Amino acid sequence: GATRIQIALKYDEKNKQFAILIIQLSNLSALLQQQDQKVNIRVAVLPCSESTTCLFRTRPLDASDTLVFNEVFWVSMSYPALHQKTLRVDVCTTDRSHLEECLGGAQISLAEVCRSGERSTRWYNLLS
């Protein structure tokens, strides 16, 4: 009975880059009941020593119960660096006045992301 988000993670050891694929949102009606405005996913690889490279946001999309973003984000970083990180995701919306409000999110540990490159696809509940 919670809004869920599916995300795929992968680390490229040889090229030293981390890939974050924001796939889709499910049951968004649980948080955004007043469906009507734009929605986007705010993503952060914390701690982030520099906003330009470890803080992202997907493109805006009209609210819907099931929403597909299929947006990928990259971060050049070492494995030891990645291994200590936390991925923070939040679903936010903007009303006609340009006011933003984040309705819920989750903190995902990245300590299980494979240095060898295997891609992990999982669902996470976004709590309010």
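Each residue number is its position in the shown sequence, starting from 1.
For the higher mean C-alpha B factor in the entry, choose 59 to 67 or 76 to 84. Looking at the record's C-alpha B-factors, the answer is 59 to 67.
Averaging C-alpha B-factors over each stretch, which comes out higher, 23 to 31 or 36 to 44? Between 23 to 31 and 36 to 44, it is 36 to 44.
Please place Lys14 in the lowest, middle or highest third of its chain according to the CA B-factor in the PDB entry. For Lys14, whose C-alpha B-factor we compare with every modelled residue in the chain, the answer is the highest third.
Mind checking which third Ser128 falls in for C-alpha B-factor across the chain? Highest third, going by the recorded CA B-factors of the chain.
Sort the modelled residues of this chain by their C-alpha B factor and say whether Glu50 lands in the lowest, middle or highest third. Its C-alpha B-factor belongs to the highest third of this chain's values.
Taking the chain's C-alpha temperature factors as the reference, tell me which third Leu103 falls into: lowest, middle or highest. Ranked within chain, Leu103 CA B lands in the highest tercile.
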